[PDB]
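Sequence positions, counted from 1, serve as the residue numbers for this chain. Quick note: numbers below take in every heavy atom, side chains included, and nothing from hydrogens, waters or symmetry partners.
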Amino acid sequence: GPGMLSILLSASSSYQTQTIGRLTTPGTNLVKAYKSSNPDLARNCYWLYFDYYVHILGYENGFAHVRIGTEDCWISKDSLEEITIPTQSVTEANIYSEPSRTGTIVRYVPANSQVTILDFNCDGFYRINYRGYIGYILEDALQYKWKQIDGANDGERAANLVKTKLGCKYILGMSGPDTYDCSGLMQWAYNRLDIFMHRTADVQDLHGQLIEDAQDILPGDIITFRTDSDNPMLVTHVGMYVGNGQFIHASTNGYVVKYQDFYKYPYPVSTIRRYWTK
């Protein structure tokens, strides 16, 4: 106020200067992703998709180095655009040199100042430009919120996000904004929380915290299923638990994103996976 800093913040930061990207995938909906800026172009690690949000770590050799949560990869620089976000501060604060409790002061920012967000989710800070001064401001000092404040945890936030897509049409291979398949809905929802999961159900099945007893399931957990009786050991479907014994999924039954009663769903569960941590 403006000098108070919480002991819950680290006194050190390794957070590198980043910007915000939004995937535009010109002429299509996807872009190949790689694990280097000089890849074996035949061996892309996966793809990223139209209207996903990323952090941009830099550019090299025609690629953008992008990050979603703990995951980083390289995509063609023409597949995304840089984004800056105007907002205003609501309380006086300092812009600091880094997102820690020991940064130097770049500039004092009075309450009600117009600022521009350059990066988000920076360990409790945004990176901003105020009047040409650049650095990190505590995230609650700004009006703009990159994710819901409501909810006890990011699992509840993920459950809200899939609810916002109820009624969207099922289309194989899609991940929004208007159409989805089952696993694309999951990856999209977590993209909006800056958390990476892989794109297909059979890989989503292999990561996240394993919730071994269904009694322990919570909103935002994903449930994978084996639904193909000609390949009965393969994971082929996924949905997101949203509480009250229901999950939401994109289903070919109805060709729509809809609720489903978990206990009555007539296909075996493979795993329950928790990709949220706070």
Side-chain angles (χ1 to χ4, degrees), residues 1-23 51-58 64-72 80-161 163-164 177 188-196 219-220 275-278:
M4 177 61 78
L5 290 158
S6 171
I7 198 173
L8 305 180
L9 303 176
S10 187
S12 192
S13 177
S14 71
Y15 191 91
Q16 300 301 305
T17 310
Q18 292 163 70
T19 56
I20 303 172
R22 177 181 83 96
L23 269 70
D51 204 48
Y52 279 15
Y53 303 158
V54 302
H55 310 261
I56 304 167
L57 288 155
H65 193 186
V66 304
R67 179 180 72 84
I68 300 156
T70 59
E71 187 73 15
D72 72 288
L80 79 178
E81 69 191 353
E82 301 233 353
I83 296 293
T84 65
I85 305 169
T87 187
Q88 70 173 245
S89 68
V90 304
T91 310
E92 66 174 347
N94 287 323
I95 294 170
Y96 291 106
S97 59
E98 59 180 46
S100 76
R101 63 174 167 90
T102 69
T104 55
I105 296 170
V106 177
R107 178 64 157 87
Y108 171 74
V109 184
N112 245 333
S113 290
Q114 303 295 318
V115 308
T116 302
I117 292 167
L118 304 179
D119 191 20
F120 68 102
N121 195 28
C122 319
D123 300 336
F125 296 78
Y126 291 95
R127 194 171 65 91
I128 65 161
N129 179 317
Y130 171 57
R131 294 178 61 68
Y133 295 90
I134 295 157
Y136 294 85
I137 194 166
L138 288 168
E139 71 193 359
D140 290 324
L142 299 191
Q143 173 63 38
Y144 182 93
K145 302 281 180 284
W146 70 273
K147 67 176 176 188
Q148 262 191 315
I149 289 300
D150 285 344
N153 52 63
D154 279 347
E156 294 186 4
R157 298 185 179 91
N160 173 73
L161 281 155
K163 291 173 190 187
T164 75
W188 168 81
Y190 276 97
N191 177 261
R192 289 301 189 257
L193 299 172
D194 196 24
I195 292 166
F196 185 79
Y275 281 84
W276 56 276
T277 69
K278 65 203 177 174

Residue pairs passing the salt bridge (charged side-chain N to carboxylate O under 4.0 Å, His left out) test where at least one lies in residues 134-155, sequence neighbours excluded: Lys147-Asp154, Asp154-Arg157

Could you tell me the separation between the CG atom of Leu118 and the CD1 atom of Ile83, rounded to the nearest 0.5 Å? 12.0 Å

Please say whether more than 12 non-hydrogen atoms of neighbouring residues, nucleotides or ligands are located less than 6.0 Å from OH in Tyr108. yes

Out of curiosity, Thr19 OG1 to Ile56 CD1, how far, rounded to the nearest 0.5 Å? 4.0 Å

Tell me every residue that passes ring-ring contact (aromatic ring centres under 6.0 Å, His included) with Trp188, counting only those two or more places apart in sequence or in another chain. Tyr180

Under the side chain to side chain donor-acceptor pair (under 3.5 Å) test, which residues partner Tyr130, sequence neighbours left out? none

Kindly give the heavy-atom pair with the smallest separation between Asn191 and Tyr52, and that separation in Å. OD1-CA, 3.5 Å

Kindly write out the residues that satisfy side-chain contact (heavy atoms from CB on, under 4.5 Å) with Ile105, not counting sequence neighbours, or none if the list is empty. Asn94, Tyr96

For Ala11 versus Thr102, what's the shortest heavy-atom pair and its separation? O-OG1, 2.5 Å

Gap separating the CD atom of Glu71 from the CZ atom of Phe196, nearest 0.5 angstrom: 4.5 Å

Tell me, please, which residues at least two apart from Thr87 pass side-chain contact (heavy atoms from CB on, under 4.5 Å). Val115, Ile117, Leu142, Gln143, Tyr144

Residues 81-98 vs salt bridge (charged side-chain N to carboxylate O under 4.0 Å, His left out), sequence neighbours excluded, gives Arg22-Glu81

In this structure, OG of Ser100 is separated from OH of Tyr136 (nearest 0.5 Å) by 10.5 Å

Are any side-chain N or O atoms of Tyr126 and backbone N or O atoms of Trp146, one a donor and one an acceptor, separated by less than 3.5 Å? yes

Residue list, side chain to side chain donor-acceptor pair (under 3.5 Å) with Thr104, at least two apart or on another chain: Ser97

Separation of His65 NE2 from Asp72 CG (nearest 0.5 Å): 3.5 Å

Quick one: side chain to side chain donor-acceptor pair (under 3.5 Å) partners of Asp194, sequence neighbours excluded? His55, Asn121

Tell me whether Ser89 contacts the main-chain N or O of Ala141 through its side chain, where contact means a donor paired with an acceptor under 3.5 Å. no

Could you report the tightest heavy-atom contact between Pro177 and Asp51, atom names first, then the distance? CB-OD2, 4.2 Å

Heavy-atom closest contact (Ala159 atom, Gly220 atom, distance): CB-N, 4.2 Å

ring-ring contact (aromatic ring centres under 6.0 Å, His included) partners of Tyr53, counting only residues at least two apart: none

Smallest heavy-atom separation, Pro99 atom then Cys122 atom, equals CB-O, 3.3 Å

Is it true that atom CD of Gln16 has more than 12 heavy atoms of other residues, nucleotides or ligands lying nearer than 6.0 Å? no

What's the separation between atom CG in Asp119 and atom CD1 in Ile20, rounded to the nearest 0.5 Å? 5.5 Å

Can you find a pair of side-chain heavy atoms, one from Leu9 and one from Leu138, that are under 4.5 Å apart? yes

Shortest non-hydrogen contact from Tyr190 to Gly155? OH-CA, 4.3 Å

N/O donor-acceptor pair under 3.5 Å between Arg67 side chain and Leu57 backbone: no

Partner residues of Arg101 under the salt bridge (charged side-chain N to carboxylate O under 4.0 Å, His left out) criterion, sequence neighbours left out: none

